[PDB]
Structures are given as C-alpha cells and as structure tokens.
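Methodologically, a virtual Cβ is constructed for each residue, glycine included, from the backbone with ideal geometry; neighbour enumeration extends over all protein chains shown. Derivation of every value follows stated rules applied to the coordinates shown; laboratory data play no part.
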Amino acid sequence: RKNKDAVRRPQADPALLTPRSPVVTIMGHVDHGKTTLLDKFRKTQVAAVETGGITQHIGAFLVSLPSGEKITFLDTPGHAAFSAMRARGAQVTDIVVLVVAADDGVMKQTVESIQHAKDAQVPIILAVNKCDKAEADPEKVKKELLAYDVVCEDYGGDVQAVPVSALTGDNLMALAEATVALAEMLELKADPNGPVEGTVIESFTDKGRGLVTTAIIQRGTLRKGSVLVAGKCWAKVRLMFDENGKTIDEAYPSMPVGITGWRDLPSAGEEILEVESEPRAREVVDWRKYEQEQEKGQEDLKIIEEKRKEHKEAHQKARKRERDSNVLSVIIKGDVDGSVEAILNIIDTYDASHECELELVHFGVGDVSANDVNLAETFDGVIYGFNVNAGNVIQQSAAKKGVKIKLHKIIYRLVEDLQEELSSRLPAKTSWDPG
Amino acid sequence: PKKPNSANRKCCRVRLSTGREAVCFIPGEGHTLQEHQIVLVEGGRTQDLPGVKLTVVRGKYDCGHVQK
Amino acid sequence: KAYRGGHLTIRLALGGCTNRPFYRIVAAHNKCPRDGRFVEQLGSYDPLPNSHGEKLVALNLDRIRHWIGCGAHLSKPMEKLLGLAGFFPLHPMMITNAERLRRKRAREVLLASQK
RNA sequence: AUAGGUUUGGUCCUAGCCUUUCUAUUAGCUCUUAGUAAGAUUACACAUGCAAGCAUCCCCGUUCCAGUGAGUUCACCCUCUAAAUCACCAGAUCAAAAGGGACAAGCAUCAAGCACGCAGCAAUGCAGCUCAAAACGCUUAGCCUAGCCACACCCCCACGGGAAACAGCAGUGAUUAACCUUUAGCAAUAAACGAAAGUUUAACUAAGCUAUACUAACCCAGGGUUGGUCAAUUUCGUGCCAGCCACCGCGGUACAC
RNA sequence: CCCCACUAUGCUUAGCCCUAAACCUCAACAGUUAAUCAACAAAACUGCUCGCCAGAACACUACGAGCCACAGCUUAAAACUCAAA
RNA sequence: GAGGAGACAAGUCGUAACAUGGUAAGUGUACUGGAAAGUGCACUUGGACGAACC
Ligand SMILES: Nc1nc2c(ncn2[C@@H]2O[C@H](COP(=O)(O)OP(=O)(O)OP(=O)(O)O)[C@@H](O)[C@H]2O)c(=O)[nH]1
Ligand SMILES: [Mg+2]
Ligand SMILES: [Mg+2]
Ligand SMILES: [Mg+2]
Ligand SMILES: [Mg+2]
Ligand SMILES: [Mg+2]
Ligand SMILES: [Mg+2]
Ligand SMILES: [Mg+2]
Ligand SMILES: [Mg+2]
Ligand SMILES: [Mg+2]
Ligand SMILES: [Mg+2]
Ligand SMILES: [Mg+2]
Ligand SMILES: [Mg+2]
Ligand SMILES: [Mg+2]
Ligand SMILES: [Mg+2]
Ligand SMILES: [Mg+2]
Ligand SMILES: [Mg+2]
Ligand SMILES: [Mg+2]
Ligand SMILES: [Mg+2]
C-alpha cells in the first residue's frame, strides 16, 4: 500500500511568514486564581459561575488588550487529574503564565506545570497571585522556584516575575505589558495562506451541531468548505464559531475556533491538517486507520503466536462463566474527550486489582444512551456520567433493567463515588487511592 | 465439533443488538476477541458445530483480519 | 385528494432529464403537482432544437378547444406557444419583449458604432 | 427450469435441503475518468438558517406544493348533488358529503356475535339479523403506482388536555448492518398574488457528495475460486491439530487447511 | 417366561367411557378391459363427489376448546435440531 | 423453582426390538415394575406352520 497520508507542511519560508498573535497558557495549582486572573483580563466573571469552583476544561479565549493587541489565553484545569489537558496546553502554548499563590507557594501541580513548560520549551512568566493576603511572600516563592529552575530576573533569571492580586485586579496591567513584551521578543509569525494547520483543544458532541471540536489554528486561514483531517477523523468545515458562538468568516493563526462538521470525533490535542477534497481526505483517513490496524495486528500476532505455541506444545506431547462479586464493571461518559481521557487515566492508575477488579466496559462522549444502558445491563455494571444528562426515558429504562446511572459534575466527587462502589464490592474501605 | 470431525472451534457469546444472546463462531486462524469488545456478526451456520449459526465478520470493529 | 377549490389549466408539465427539458401539454387541475395527475395530455413541446433546427410542438387543437370551452385556463407559456402557432393572437408580453430586445440591440449597435 | 448434488453395501420410487439464474440492502477487500438515474434504518428527539407572499389599503394565498407510511379494505363503478372554473348567465367541466356494489395476507387452537332485523305516519307490534360459501375476533401490511389512500407530535378527532412538535429543504443527537450539501437561482415549468410590468417560492431548475445502478472511455486491476455439483493448483508447512465447506465432505505424515 | 391359589375383570341389570393393527391399512356411485404396468402387494384404469396429506423428529406432545370423561378422550401446534427420514 | 424435547457424548445396569432375536411382533386398554418392559382381555400379520398322501 502506497503512503497516502497527509503530512504537516514543511516550515514556511521567511517571505511567507507573517506576524501572528501569541498563545498564552495559564497554568498553576488548584485554586491559585488562574481562572480569576483570566476573568480579570477578559472583563467577564465566570469563576462564580462554576460547578464546585473548579476549572475542569481547557478553555480558549481570544482576549483583546487595551493596547489593541490580541492574545489567546488557554485556561487549563489545575487539579491533579487533568495531567493530559495540562500537557496538551503546554504543547500548544507559545508562552506559559505560571500562577503561584503567594500564600501557598510552589505546589505539586505548579512543579508539574513547570516541567511541562520545560518539555514544550516555552518561556515562562511567573504571576505571583494572592499578594494582598498576609504572609504573601513573592521573594519566598522565587527562592523556592530556584529549586525547580524557574530563576527570576532579580536572581539573574530570564523568567519575569510579576506580583499581582487577581481578586483586586492590581498590577494586571504590568502583567499584560510583560506578556506583550515577551511576545514581541519571541517574534511569533506564521504563514496566513495555504493548507491549514491546527491543534484540537477539545472535542464534544452537541445535539444541534454534531461533532464539534475546539481547535487553535497554527498556519493558514480556515474557511467554510475547507476539508480537514485530524487523526482518524475528517470534516468539511460547516460552521466556525467563537467562544460566544458568533459565526466567524475566517480563522487566522493563533485564533481559537470551534469547528463543526466532523464525520468522526477526533481526540484532544491531535493535529488538524487541511487537504484538497473529500475523496483525498477519506483516502488519508483510510490510510491512517490501516496503519493503526497494522500496529494492532502486529501486537495481536505476538499474542496469538504465544497462544498457538502453547497449544502446539500441549498437543505434540499427547502424540459463559458467572462474574465474581469483586469485579466492578463501569461505563464512562464524558461531556468532552478531555474529561473522558482524564477519567480513564484515573482508572488506569488502579492498583487494587487483587481485592476488586475494575473493568472498563465502554467509554464515550455524550449523554447516557440506550446502548450504554444495554452494556450496563449486560455486564451488571454502573454508568458514571461526567457533566452529562440522563433523560427521563433513559432513567426509566435503567430502572427497569437494574442498571445504576450516577451523574456527577465534579471529578473528585465522581472519584469518591467510584471508591465508594469499590469498597462496597469489597468483602471495609478500598486500598486504591487516586491522589 | 460433532463427529467425525475433531477440533476446538473458537466461539464467543454475544448479546446481539436485538437483545438475544447467541454463540458466534470466530473464523480465521487465531484471533484476539476479549470480553467487552464489539463485533459484527453475519449469518451462515458453522456446519460442524450444533446450535451455532452466527459467524463473526473479520475486519470490522474489534475483530481484525487474520495475520499472515 | 379532495381538492378545496381550484380549476383546470392547460399547462406545460416538465419531464426529460437534467439539461434536457421536454414538456407535455397537460390539461391538469391547477392545484395538482406540476408533474402529477392530469385530466388529459394535449400535446408536447421540445425546447431543444433537433438536427433540423426545429423546436417540435404538438398541439391537439380539437382537445385544446374542448378544454377551453369547458373552462380550462391557460398558463402563460402555453398562451405564448399558441400565439406563436397563430392559434391565438401574439401575447402582449411577446410583443413587448420583442420591442425591448430591439431597443437593447439598438443601444448595443450605437455603442459598437461609437468605437 | 433443459436441470444438477445429496439418503443406501447397491438399485428404483417418494421426499426435504442445497447448487446453477436475476435483482436489492449491508459488510469485507479493492477503485481512474465523464454523462444520467436513485439515496436516513426509525411516525424517536431536535440547535441553527431558510421554506408565503402579492397588492393603491379591501380581498385573495398561506387548505396548494413539498413530506412520511404510523394507521388502514374512506382509493374503483353507479345514483344523487354540494363546493370550484366557464368575464354575469349557461347547462359543460371538475368533484366533496350521502346511498348502492366491489375491494389485502395469515390464523377456525378466533365458531359463535349478543340486538348485531323488519313493519308502521306515529303510536307501537313482530323476534328477528350475521355466520363453516368463514360472521365476531387476533396478528401482519400503505395500495390496485401517469398515480392513489391515510397522517400531519400524542390523546382516531382536537372544544379541551398532555406539551411545545423538521414525517418541508439543508443539518444534528439517539438508534440501525443501513448515515448525501447546514449549495446558488428564481434563468426555465408550476403555484400564489396583481389590471399589468412584475414580486415571492428549500416547488422546481442548475450544481455538491456517494461504485447503489445504467451508458461511455483509460495508452490505470482488484475480488473470489481452483475435491464433485462447477471453469480452473505446482511446491512446501501442518498432521483429526491449526483450519475449511452453499450441499456431499476434507485434515490421523492434503489437487479440499 | 414354567407350576399352584386367588381377586378385580370376563356374565346380568341401568348408566357412563367412545378407544383399537376399529386393517380387507385399498372411500362412495357409475363404467371399461381398450390400448398395461417404478418395486412389492390384492392386474390397469376412466368419469364424478366428498374426506385427508405437503421432509424427519419434536408430537396419540404443550396451550386453547368440548366432553357424565378427573393418570382420559377428540382437535392439535410452535421453538430448538438434522440432511436426511 | 422445576419438567419436557433435541443435540453432544462417553460410562452404568440390563438385552426390549431386528433371525421363530432366543417368550413372534404390534394396536387399544388396565395393573405392576431399577430400566428397557411383564402379564391380563379383544384385534392385525406389518410371522411361520415346511405347503399330495405321508
Ligand atoms: N486571596 C486571594 N484570593 C484570590 C485572588 N485571586 C483569586 N482568588 C481566589 O482564589 C480562589 C481560586 O481562584 P480560581 O481561579 O477559582 O482557582 P484556580 O487557580 O484557577 O484553580 P482551578 O479551579 O484548578 O482552575 C477563588 O476563591 C478566587 O476568588 C487573590 O489575588 N487573592
Ligand atoms: Mg479556578
Ligand atoms: Mg460494496
Ligand atoms: Mg405499518
Ligand atoms: Mg394453541
Ligand atoms: Mg392528530
Ligand atoms: Mg418529529
Ligand atoms: Mg429533513
Ligand atoms: Mg447522526
Ligand atoms: Mg444505504
Ligand atoms: Mg504436506
Ligand atoms: Mg390413543
Ligand atoms: Mg392429549
Ligand atoms: Mg388441555
Ligand atoms: Mg431380546
Ligand atoms: Mg420376543
Ligand atoms: Mg402382546
Ligand atoms: Mg407380573
Ligand atoms: Mg376388525
């Protein structure tokens, strides 16, 4: 089979290059004011309007500074669970604003964000927040960051440290000035023409718009009718929209745009590349699926050869089961692929296999559906929904079929419920811990 | 299989979409179907297996082709 | 279908295939679909010239007269076709479109001459 | 059917199953081009955009077209006669309601229905009516296709209630093996309106996607099969194991894997 | 299975039960022997009418229905299975 | 809950049927019994009685 894949275009020529707005990802530790800082910059108050006051979604916003420049802020979840989301944000970011609470100093997720920033090789700007409250010690914060290699200017370190108070909106002007200065120094540019290149930041299924993916353009302009391919999925761009939902004619580099029309839902963080036409896009998708199938086939050949050698050794020499009580079968349903992946990572961290197995019957994005209920009935399982809805008909059917649907709106609440179920299945409290 | 044939034919138990449970034969030399996996099933009885009248279609969903 | 109101009309039902228009003159109840039921088919009209450069038109003149007597209306294209055939006076819009074409041709001739 | 394979130690007969033929859907593998035709699995739920105006005001239209097949012997002939057109009229055309006749499949392990008739002006009287030549009943199905019948989210209906309705076009969630564009235009035909030039129309026209089909082509060909029915296997590996078969069957050192 | 004893029962009366290899496994009526006929059996047919049958087994079964029947009789399926019977 | 059927399949107890199958076989019906089955009453040949006298 000839290689028909679609490959990211080679680096554009300096003549083609053109100035582009910067992408800044706000990363930090739980409840250290990332979303509050973002709210201050956006002039909108969303921190109050949240479920559990926790950012559980890597959200993009195209803020316009008073100077007239434009910055794409990616506000990332701060909880320990969303490591994949934080890593993807670090990957797509041009600059990383590490928000550290002066009161609490460095933390585990702060170190994780610094490590991701180093891995992505992205300049880091420190925002020491909560400076108003007593014991606020930006000097201590800088001294401790010295350990993790984030050296401030005062100590002859390239990283710029800015004391701010997102609650009181003080010094944010200087933070924005520093962001603009760092963007200028980086001199970010990209080709605004040719086939589009972008990255998927989120994916979900909307009952009115179909398979919708929030992406960030990286090269070229996206327009209605362009044929996109990302991972194993492809789209004919049907509707581009913004954070507000206003249809936008074009998507210039470093703009966050929600794209509709995906024939299949791509995975978060995958690369979107434009192709010539629908037949070419389908060819690319088929080739990629075939490559994945070949990899899986090699692995399956290894396993099957193990089994067949066992059987041959056995033979040449001569010449349904009831599921145990200690097996929790779970369906996972998420509002976005990011949430689904976070829950799956939490599950994969499982280590209490001996006392009770945790089988993942099926996972998906969208409201708990009849097929999910059927899987749960078939495997005497439990459906866990993360910020998804369970219609009245589905509730009636689940009650009839004996399935348990447990919707949740907070990741740690869902994890507490899951550990509760594991303990219940135990013959006591479970020994597996999420962190 | 029933006499005079001798073999250990590979089969699985599936909850078909219609709500019935049935035994599906797994063609091809070797496979990997584990529990919880989705397969497509066609008709056509396996001649030497009594009571088995469904063949798992290769190359669809979770049942990859036979490996050369 | 119990059609509330309506009346007969002699009109051109469109058939043929894509890019190949062809018309069946049908005395059909006006409310019925264009290509749907019809009381009687009164002829045909091939809008595309044949090899002889002709636009064949068949008119079952006797039946057309019968249906006009019975009270069938006439669609504007059918009125124009009958006017061309001479069965009816030339349609006022046929005459006026000819005049408009003449005026436009005169304007374009003047523009071409002024070169 | 021009038939063929298969019961047995063997033959004849009877019989079932299967093969060969032709379509359509789905799947697997594979695919270059142009013209044309056709296109959700579902009467489950729907974001978004559009789909009905015209016009010197009143009127007229939005009851049409387009859609689906949930329901289902309201569809066909005759009688009678509404509405509508024939500038007013005329009977003519068209065609409701009403009456008469006809009108799907399976089950009789659905055999009885329970007032299902008649006379009289009425009063009231008679005790009858349908049915093994299939009544009554249950299940299934749109049909008899220039098209026709039915439905229009459900409660047959729709005052009212449940509730907030794409079974109009494009599109989407769910669901299924089943999965097309959130295109342009009123240039043509049709409809609505106007006295008219004209205006509106997701009807329709012209385009978009799709090997689902037909036609045509390219100096870039795959799929299946190769024991018999049935066209066509060399050498290896395996050795009643791995596996194959539409039927008969093959594999214990293979023209069947 | 052979021997001995004995009871229901075999008999009568009056009611039930309604089954048989209830088979001459060959329906009733009329007619023919003419040009034959898978095999066996009790030669082969023509006209007419009624009854019944449509692979095997499930099955003189299940459910429903009727019956003086109560471990019953009549009517009588389907699922699963096979390539035979 | 349990039964029935069919299939797969080996053992187990017997040998009920197929030859006069070693008590001829079977139908209906009744009693009895580890289990095919035994016997009773009537019925069929889908058994024979060898086919002159002997
Ligand atoms: N003392 C103090 N509290 C602040 C300041 N800015 C924000 N906060 C509060 O700190 C808390 C955490 O802010 P959030 O933005 O919700 O937290 P976060 O750091 O983004 O964390 P995630 O929920 O993981 O996204 C909230 O109660 C804020 O209102 C500040 O300058 N000082
Ligand atoms: Mg926060
Ligand atoms: Mg195909
Ligand atoms: Mg129906
Ligand atoms: Mg019954
Ligand atoms: Mg209604
Ligand atoms: Mg609807
Ligand atoms: Mg639609
Ligand atoms: Mg969909
Ligand atoms: Mg299709
Ligand atoms: Mg060999
Ligand atoms: Mg009996
Ligand atoms: Mg009985
Ligand atoms: Mg009974
Ligand atoms: Mg014996
Ligand atoms: Mg005997
Ligand atoms: Mg006996
Ligand atoms: Mg005894
Ligand atoms: Mg007798």
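I'm trying to understand the selection: among the residues of segment A:381-400, which are of a type outside the set (A, V, I, L, M, F, W, C) and over 20 Å from residue A:359 (Cα atoms)? Result: A:387, A:389, A:391, A:392, A:395, A:396, A:397, A:400. What residue, among those in segment A:121-145 that are surrounded by 19 or more Cβ atoms within 10 Å (Cβ to Cβ) and in a helix (DSSP H, G or I), is nearest to the chain's Cα centre (by Cα)? The residue in question is A:145. For segment B:5-20, a residue qualifies if it is within 10 Å of chain A (Cβ to nearest Cβ) and touching an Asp or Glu at 6+ places or on another chain (Cβ under 8 Å), and the qualifying residues are B:13, B:14, B:15. If you filter segment A:152-169 down to residues that are surrounded by 13 or more Cβ atoms within 10 Å (Cβ to Cβ) and of a type in the set (S, T, N, Q), you find that the one that is nearest to RNA strand D (Cβ to nearest atom) is A:165.
Look at (1) of a type outside the set (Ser, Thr, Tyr); (2) more than 8 Å from RNA strand D (Cβ to nearest atom); (3) part of a loop (DSSP other than H, G, I, E, B); (4) at negative phi and you find that residue B:36 fails only one, number (4). In segment B:26-60, of all residues being away from chain A (no Cβ under 11 Å) and among the hydroxyl-bearing types (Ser, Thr, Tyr), the one that is nearest to ligand 2 (Cβ to nearest atom) corresponds to B:55.
Would you mind finding the one in A:409, A:404, A:400 that is farther than 30 Å from residue A:49 by Cα, away from every other protein chain (no Cβ under 11 Å) and among the basic types (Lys, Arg)? It is A:400.
Listed here are the residues, each with its yes/no results for (1) under 19 Å from residue A:303 (Cα atoms); (2) within 12 Å of RNA strand F (Cβ to nearest atom).
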position	(1), (2)
B:3	no, yes
B:6	no, yes
B:12	yes, no
B:27	yes, no
B:31	yes, no
B:40	no, no
B:43	no, no
B:46	no, no
B:51	no, yes
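Checking each residue in segment A:301-344 for being surrounded by 15 or more Cβ atoms within 10 Å (Cβ to Cβ), within 12 Å of chain B (Cβ to nearest Cβ) and not aliphatic (A, V, I, L, M) picks out only A:329. Elements of the type strands (runs of 3 or more DSSP E) sitting completely within segment C:1-76 and holding at least 2 residues that are farther than 23 Å from residue C:92 by Cα and among the polar types (S, T, N, Q): these cover C:40-45. Against the definition (within 20 Å of residue A:206 (Cα to Cα) and either within 14 Å of another protein chain (Cβ to nearest Cβ) or surrounded by fewer than 19 Cβ atoms within 10 Å (Cβ to Cβ) (or both)), how does residue A:381 come out, yes or no? Considered against the rule, which asks whether it is within 20 Å of residue A:206 (Cα to Cα) and either within 14 Å of another protein chain (Cβ to nearest Cβ) or surrounded by fewer than 19 Cβ atoms within 10 Å (Cβ to Cβ) (or both), residue A:381 comes out as no. Among the residues of segment A:12-23, some residue qualifies, meaning at least one is touching a helix residue (DSSP H, G or I) at 6+ places or on another chain (Cβ under 6 Å), part of a loop (DSSP other than H, G, I, E, B), closer than 20 Å to residue A:254 by Cβ and away from ligand 1 (no atom under 16 Å from the Cβ). Evaluating residue B:23 against the criteria (1) surrounded by 14 or more Cβ atoms within 10 Å (Cβ to Cβ); (2) away from RNA strand E (no atom under 16 Å from the Cβ); (3) within 14 Å of chain A (Cβ to nearest Cβ); (4) not small (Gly, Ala, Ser) leaves one unmet condition, (2).
One residue stands out among those in segment A:24-69 that are part of a strand (DSSP E or B) and within 13 Å of residue A:243 (Cβ to Cβ): the one that is farthest from ligand 2 (Cβ to nearest atom), which is A:64. Of A:205, A:213, A:199, all but one fail to be of a type in the set (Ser, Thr, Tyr) and in contact with a helix residue (DSSP H, G or I) (Cβ under 8 Å, 6 or more places away or on another chain); the exception is A:199.
Of all the listed residues (A:295, A:283), the sole one being under 30 Å from residue A:206 (Cα atoms), more than 10 Å from chain B (Cβ to nearest Cβ) and assigned to a helix (DSSP H, G or I) is A:283. Right, residue A:368: surrounded by fewer than 19 Cβ atoms within 10 Å (Cβ to Cβ), more than 17 Å from residue A:423 (Cα to Cα) and more than 14 Å from chain B (Cβ to nearest Cβ) or not? No.
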